[PDB]
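Reviewing the structure listed below.
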Amino acid sequence: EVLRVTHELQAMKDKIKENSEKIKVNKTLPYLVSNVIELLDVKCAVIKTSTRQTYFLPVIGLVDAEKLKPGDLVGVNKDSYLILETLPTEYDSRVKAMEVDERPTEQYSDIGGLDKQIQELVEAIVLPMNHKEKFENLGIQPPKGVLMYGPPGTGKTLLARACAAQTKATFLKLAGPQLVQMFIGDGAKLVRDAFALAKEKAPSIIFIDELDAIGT
Amino acid sequence: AXXXXXXXXXX
Amino acid sequence: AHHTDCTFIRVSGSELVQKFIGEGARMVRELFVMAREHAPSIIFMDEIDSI
Amino acid sequence: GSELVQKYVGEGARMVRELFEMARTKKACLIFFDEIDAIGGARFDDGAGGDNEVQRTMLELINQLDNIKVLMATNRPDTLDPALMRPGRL
Amino acid sequence: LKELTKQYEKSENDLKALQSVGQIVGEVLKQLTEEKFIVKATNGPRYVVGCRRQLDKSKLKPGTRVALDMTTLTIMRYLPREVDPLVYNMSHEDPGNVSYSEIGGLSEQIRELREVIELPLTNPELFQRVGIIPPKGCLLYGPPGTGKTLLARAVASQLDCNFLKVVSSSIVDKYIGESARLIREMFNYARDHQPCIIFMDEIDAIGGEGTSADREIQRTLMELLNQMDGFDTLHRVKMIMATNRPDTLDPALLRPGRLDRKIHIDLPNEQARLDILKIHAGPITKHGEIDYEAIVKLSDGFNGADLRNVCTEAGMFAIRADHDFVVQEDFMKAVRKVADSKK
Amino acid sequence: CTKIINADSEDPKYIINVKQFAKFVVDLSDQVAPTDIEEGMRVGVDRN
Amino acid sequence: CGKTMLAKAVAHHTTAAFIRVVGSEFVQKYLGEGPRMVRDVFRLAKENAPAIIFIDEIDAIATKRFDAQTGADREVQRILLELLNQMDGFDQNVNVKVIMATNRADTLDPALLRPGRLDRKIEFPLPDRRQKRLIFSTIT
Ligand SMILES: Nc1ncnc2c1ncn2[C@@H]1O[C@H](COP(=O)(O)OP(=O)(O)OP(=O)(O)O)[C@@H](O)[C@H]1O
Ligand SMILES: Nc1ncnc2c1ncn2[C@@H]1O[C@H](COP(=O)(O)OP(=O)(O)O)[C@@H](O)[C@H]1O
Ligand SMILES: Nc1ncnc2c1ncn2[C@@H]1O[C@H](COP(=O)(O)OP(=O)(O)O)[C@@H](O)[C@H]1O
Ligand SMILES: [Mg+2]
Ligand SMILES: [Mg+2]
């Protein structure tokens, strides 16, 4: 009977191989990189192609539905618009480039006169990030953000580095002006990724200067 | 004061 | 307009005042072109205080 | 000044980068933005229109500015963005 | 063989999947007959299409999304309305869950605002039983920072009804007719999402003369007034327009069905300072006893918004000192910090 | 070329931007060398 | 005093195509969007005729034309004139009645009160000791 089970496995191996070969010759290339917009339930998703056309997919395709999530950038067939393969993000290369590790060392000895401003951000950053254990017991939620408003020439980008440098952290500076790209759905991707690139790394600060560029 | 405004069209 | 035997065009009030700049000038350009290829013509602009 | 304001969105900024990029490649490059008022108007929310297209071309120039020396001429300086006249760019 | 089977069966579905084609997602916009519609692709021409036999003729009403076949151009199935945070309207701004109890010292005022706002939305029978149209609108006037918004925010949290917050002063933009338009989009937005407490912030700006711009304020009031007692639809949404200056507000705005109830919310009630601190103090760990009474007189005329800071600012004092608040000595200076530094 | 997936370091599967057309995950024709197409450099593709 | 109510009614009681438009709805920004709204209202009513167009709170866009000296009073005047030109102008419309309601009645431009555009200037005076009785008997 051991031989009989082996025969069933041998047959299965050929059919698994044959199905794999048909999928292999139907994977092919190139893939239209689309952006899953949502997932209606009633195994079918609404792909919004990069060509600026939406295409509901009756079957999500050669992927596991549970893996696909609203926002995933999958590779789909240019004609059928069936999701072929999930495309890895890796936070592109630009996104990781905005992780400058050369904070110019704007040591608080280098920023002057803005002390109460200096100590205040150390209360809402640095302190909240560094000594979070006490922050957790107190119940005092540390405000995740701080907007830097004031007449130009006050040095907002400067104390920002000060909290950036003399407080460690990663400091993914994402100045708003850069987040204006004529390529549809790029800065937004740069945004979600930036926080995505942000989650990967250890305690850091996502700094966006000139927020008017997208703050309009 | 109250300012009426024209507009262009980025193609 | 009831006795004219001449194409009687009617531009009245704010019909030449278009939001996009350089479009108001265009319409009047095409209005005096449709009034020449169809001449003799009479452009009747009512409420000229508007424009 | 004229070429930096293109019909298609973004092509103004794409030109600003492709000019400054063409400078860093050269050694001892001078850029002379005559009549900065064309693409250096004081910012204001007018997103309901193509004007912000020009403004985002300046913000792509403000980022760019702040061996490359830059000159600018403006018979009417008062119409320039306060940001672009600060002593960190000009 | 068992492991091979479950993967192989999934693979077989994938082989069918490679065969399946895409449907051009689109929206219907008219129904010429029982077999013809005018569907528009999301970024596409408007094709005249029919509906698959196994479809509900009805369910496809104007606005009903469909995913027509890519060659036949015949609709093959309805779809839910697209949901994206593309909304420009605060409406999604959840109030967040705030119990009435959390606002402190406004028992009477909170009780009143419950009446006009809560009642028409929850038990309409009472109003229709007596035969009076449900009251709509509450005007909450009081010193700034007293917490007019919170009470208006808790009312949304209890009813679980969408809340739209408009900073009224912002709506009055310089270009002509923008100011009326923002108000118009607000009420027009409400028709789509019901029921929503339209909380207008300081309303003195729009309600309460010879210049072009001196009549734009006049026009915007007329747009606000019309959208309330206005032909279109009377609606079931409620407005909580709160001001800081009630003398300024125009008479028409204070009427039975056009914004009634002048609920006054003065600086935190004498006893409230306790309750407010009670509701805002306890959260932060603080084993040490509290002489709250002195803090009360240490904090006279306090805006209440200041009181929220009092405890929080004390927490920063504690964030330095050590990690546990064990002394009222903290609130004293915290009271000062939330006074001289809050001036 | 906006990215280099480098699927196995032997089948790179480059992603290319056609400017206005779309973003595609393409693979090299045999003529080009895998090492000649560095990330970000302008790359010529075939219409098909 | 009940002006709009008679209009809300005529709508429930009309076989035409009621088209309500409040006065401030024409004051749209982007010069050439306000005046065009007038030219779209009378075009919509002309196609779906006969119709009633009810411009409530007409005091916003029809105040006596005092010579404009800024680009704002000029665009409020471009609206009134576009209003005047479609009501009684070279393009006479068939079966398009216009109902207008205002709370002032004297600030209105003399051209928009000239027997031909707004023919019947009905007045709604404060209820006397009699209309108050009828008013009470219907609300209660
Ligand atoms: N407190 C300070 N001490 C020393 N230099 C300062 C201080 N504040 C600003 N500066 C200097 O002002 C210049 C402007 O830099 P920075 O970008 O920080 O200014 P800013 O006010 O943030 O500009 P903007 O607000 O327009 O973005 C720099 O040379 C910076 O070092
Ligand atoms: N009397 C109060 N009771 C409770 N919280 C208050 C009070 N006054 C201010 N607050 C706090 O301040 C905020 C609400 O203030 P807000 O409603 O905006 O004031 P106003 O509308 O009077 O200017 C919330 O964070 C709330 O916790
Ligand atoms: N004669 C009336 N009969 C019934 N209700 C009336 C009467 N007069 C006034 N009302 C009440 O007042 C409203 C009248 O609207 P009104 O203020 O005159 O509108 P507008 O100022 O826009 O012309 C009605 O909705 C109704 O509630
Ligand atoms: Mg800066
Ligand atoms: Mg009315």
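All chain E residue numbers match Swiss-Prot; in order, they span 33-240, 245-379.
A Cβ is built for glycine as well, from the same backbone N, Cα and C atoms used for every other residue.
What Swiss-Prot lists as ATP binding site is E:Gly174, E:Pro175, E:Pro176, E:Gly177, E:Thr178, E:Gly179, E:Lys180, E:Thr181. Per Swiss-Prot, the feature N6-acetyllysine maps to E:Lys72, E:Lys206.
Projection of Swiss-Prot feature records onto the structure.
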| residue | record | DSSP (3 states) |
| --- | --- | --- |
| E:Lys72 | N6-acetyllysine | strand |
| E:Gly174 | ATP binding site | coil |
| E:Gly179 | ATP binding site | coil |
| E:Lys206 | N6-acetyllysine | coil |
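Residues E:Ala278, E:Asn280, E:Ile301, E:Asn339, E:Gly340, E:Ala341 surround the recorded ATP site, their Cβ atoms falling within 8 Å of the Cβ centroid of E:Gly174, E:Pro175, E:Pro176, E:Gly177, E:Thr178, E:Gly179, E:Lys180, E:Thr181, which are themselves excluded.
Taking a C-beta cut-off of under 8 Å and a sequence gap of six or more, E:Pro176 (ATP binding site) has these contacts in its own chain: E:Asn280, E:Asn339, E:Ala341. Neighbour density around each Cβ, counted as other Cβ atoms within 10 Å, peaks among the recorded positions E:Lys72, E:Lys180, E:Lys206 at E:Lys180. When Cβ neighbours within 10 Å are tallied across all protein chains shown, the highest count among the binding-site residues E:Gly174, E:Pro175, E:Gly177, E:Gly179 belongs to E:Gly179.
Close to ligand 2, meaning a Cβ under 6 Å from one of its atoms, are these of the recorded positions E:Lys72, E:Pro175, E:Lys180, E:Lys206: E:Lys180.
For the binding-site residues E:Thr178, E:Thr181, the ranking by surrounding Cβ atoms (within 10 Å, all protein chains) places E:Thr178 first.
For the pair E:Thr178 (ATP binding site) and E:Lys72 (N6-acetyllysine), the Cα-Cα distance reads 51 Å. Counting only the Cα atoms, the space from E:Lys206 (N6-acetyllysine) to E:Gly177 (ATP binding site) is about 27 angstrom.
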